[PDB]
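Commentary on secondary and tertiary structure
What follows is the residue order along each chain.
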Amino acid sequence: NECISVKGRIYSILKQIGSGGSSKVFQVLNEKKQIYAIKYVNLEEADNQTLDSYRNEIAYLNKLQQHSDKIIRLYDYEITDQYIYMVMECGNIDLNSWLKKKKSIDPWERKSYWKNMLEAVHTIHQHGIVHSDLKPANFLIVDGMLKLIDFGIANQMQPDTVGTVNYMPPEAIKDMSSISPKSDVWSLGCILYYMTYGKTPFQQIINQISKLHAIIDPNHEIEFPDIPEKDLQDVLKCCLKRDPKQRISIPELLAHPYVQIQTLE
Ligand SMILES: COc1cc(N2CCCC2=O)ccc1Nc1nc(NCC2CCCC2)c2c(C#N)c[nH]c2n1
């Protein structure tokens, strides 16, 4: 198969995991048979803005991983005026593909996944990033944890063999005319919801103007089927409050019993 050298090292291409824009992701193996992901970006045609988004991704990636191992790790990279090669921690699969296979989630793994997401999003917040477009696809499963991959600056990748609106916070939709960490809480809540109720809140409204409306509609109430874990019920409820000022914050979520008391009640 094709190969790829990166800063004086050779990797063999198992398969292509993903693509988007002028970039590809490959599952590869190194010299010693270990497994990695490599993102390749063809800069040939690339505006000075798109160019600076890739540059920004790499910098923040390099800074943020010092502060959390819930952020997908970047080990090495080559960047020229022609190309970018990023050698990264390779995920098993992304959370949106895993969810789409409809296998229901062990409650204790859902709770642990939730910790993972909070830790990751919390540390990007602590460096001034509000993702703004969080969705299942931003998380990869490795070492039995969820790890964040795309900080929503450089354009998001898609898996190889559309994209949705279901996680869009209300403030974002009301804002289109003529930015808060709370916005990520809403999207994180929609992911949790999905992990607990099998569906995102407005995943039934198949029509998208219809869907968009519900999200911003103070009198379209979101259902919250009662469940064994009541702390989980309460987390989803405060995460999906439409007034971002009443919505719960990450630092609050980190003090919340769902996360803090290990027996799920
Ligand atoms: C066998 O590895 C995988 C396989 C699958 N999928 C999808 C369905 C079938 C399958 O096997 C998904 C993910 C992985 N791992 C993986 N993916 C990556 N980018 C994939 C895109 C991220 C958004 C959706 C796709 C990166 C990555 C970057 N940038 C840095 N490490 C990475 N690790």
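Residues numbered from 1 in each chain as written, not as in the entry; some residues may be left out. Heavy atoms only, no water.

Looking at the PDB entry, the chain carries the name Dual specificity protein kinase TTK, with the source organism given as Homo sapiens. Each PDB entry has a title, and for this one the record gives "Crystal structure of TTK kinase domain in complex with compound 28".

1. Remarks on the overall build of the chain
Stated formally: What counts as a helix is a DSSP run of H or I of at least four residues, what counts as a strand is a run of E of at least two, and both are numbered from the N terminus. Radius of gyration: over C-alpha atoms. The globule rule applied is 2.2 Å multiplied by the number of residues raised to the 0.38 power. With a 1.4 Å probe rolled over the protein chains alone, any residue whose accessible area is under 20% of its type maximum counts as buried; one over 50% counts as exposed, and the rest are partly exposed. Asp and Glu are treated as the negative residues and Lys and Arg as the positive ones, with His and the ends of the chain left uncounted. Just so you know, the charge point we use is NZ for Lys, CZ for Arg, CG for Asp and CD for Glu.
Tallying secondary structure elements over the chain gives nine helices and 10 strands in all. Taken over C-alpha atoms, the radius of gyration comes to 19 Å for the chain, in line with the 18 Å a tight globule of 265 residues would show. For the chain, the spread of C-alpha atoms along the principal axes amounts to about 55 × 50 × 35 Å. Counting all 265 residues of the chain, 48% fall into the buried class. Within the chain, the 33 negative side-chain charges are centred at a point lying 3 Å from the centre of the 30 positive side-chain charges.

2. Observations regarding the pairing of strand β2 (residues 10–20)
Test applied: Strands qualify as paired when DSSP identifies two bridges or more between them.
Summarising the sheet, strand β1 (residues 3–5) and β2 pair through three bridges and their orientation is antiparallel. Residue pairing across strands places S5 opposite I10, the latter belonging to β2. Between the end of β1 and the start of β2, which pair antiparallel, lie four residues, with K7 showing a positive phi angle near 35°. Across eight bridges, the pairing between β2 and strand β3 (residues 23–30) is antiparallel. Paired with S19 across the strands is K24, a residue of β3. Turn length for the β2-β3 hairpin, with the two strands adjacent in sequence and antiparallel, is two residues, and the turn residue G21 shows positive phi of about 60°. Pairing of β2 with strand β10 (residues 158–159), which is carried by two bridges, proceeds in the antiparallel orientation. What sits directly across from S19, in β10, is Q158.

3. Some points on the site of the ligand
Rule in force here: Distances are taken per atom, and a residue is near a molecule or strand as soon as one of its heavy atoms is within 4 Å of it. Pairing of N or O atoms within 3.5 Å defines a polar contact, subject to two protein rules: one partner must be a possible hydrogen donor and the other a possible acceptor, and residues neighboring in sequence count only if both atoms are side-chain atoms. Residue-level accessible areas treat just the shown protein chains as cover; the underlying method is Shrake-Rupley with a 1.4 Å probe. Polar here means any residue other than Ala, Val, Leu, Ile, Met, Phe, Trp, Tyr, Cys and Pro, which are nonpolar, and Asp, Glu, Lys and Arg, which are charged; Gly is therefore polar. In this document the domain limits rely on a domain assignment from an automatic tool or a database.
Close to the ligand lie 17 residues, the nearest being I17, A37, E89, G91 and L140. Contacts to the ligand include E89, whose backbone N or O atom sits 2.7 Å from a nitrogen atom. Starting from 650 Å² of accessible surface for the ligand in isolation, the protein chains cover 89%. Of all elements in the fold, only β3, β4 (35–42) and β7 (93–94) reach the threshold of two or more residues within the shell around the ligand. The class makeup of the residues in the shell around the ligand is 10 nonpolar, four polar and three charged. The residue makeup of the shell around the ligand includes at least three contributed by each of domain 1 (4–92) and domain 2 (93–265).

4. Notes on the UniProt feature "binding site: ATP" in the chain
Selection criterion: UniProt positions are given in the numbering used here, feature names are shortened, and annotations may be inferred rather than shown by experiment. Whether two residues are in contact is decided by their heavy atoms, any of which lying within 4.5 Å being enough.
As annotated in UniProt, the feature "binding site: ATP" corresponds to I17, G18, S19, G20, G21, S22, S23, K24, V25 and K39 in the numbering used here. Spanning 23 residues, the annotated positions come together in the fold, the maximum distance between their C-alpha atoms being 14.4 Å. With respect to the helices and strands, the residue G18 is situated in strand β2. Among the secondary structure elements, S23 is positioned in strand β3. Beyond its immediate stretch of four places on either side in the chain, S23 contacts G18, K39, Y40, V41, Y54 and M157. Within the structure, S23 has its side chain in polar contact with the backbone oxygen of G20 (distance 2.7 Å).

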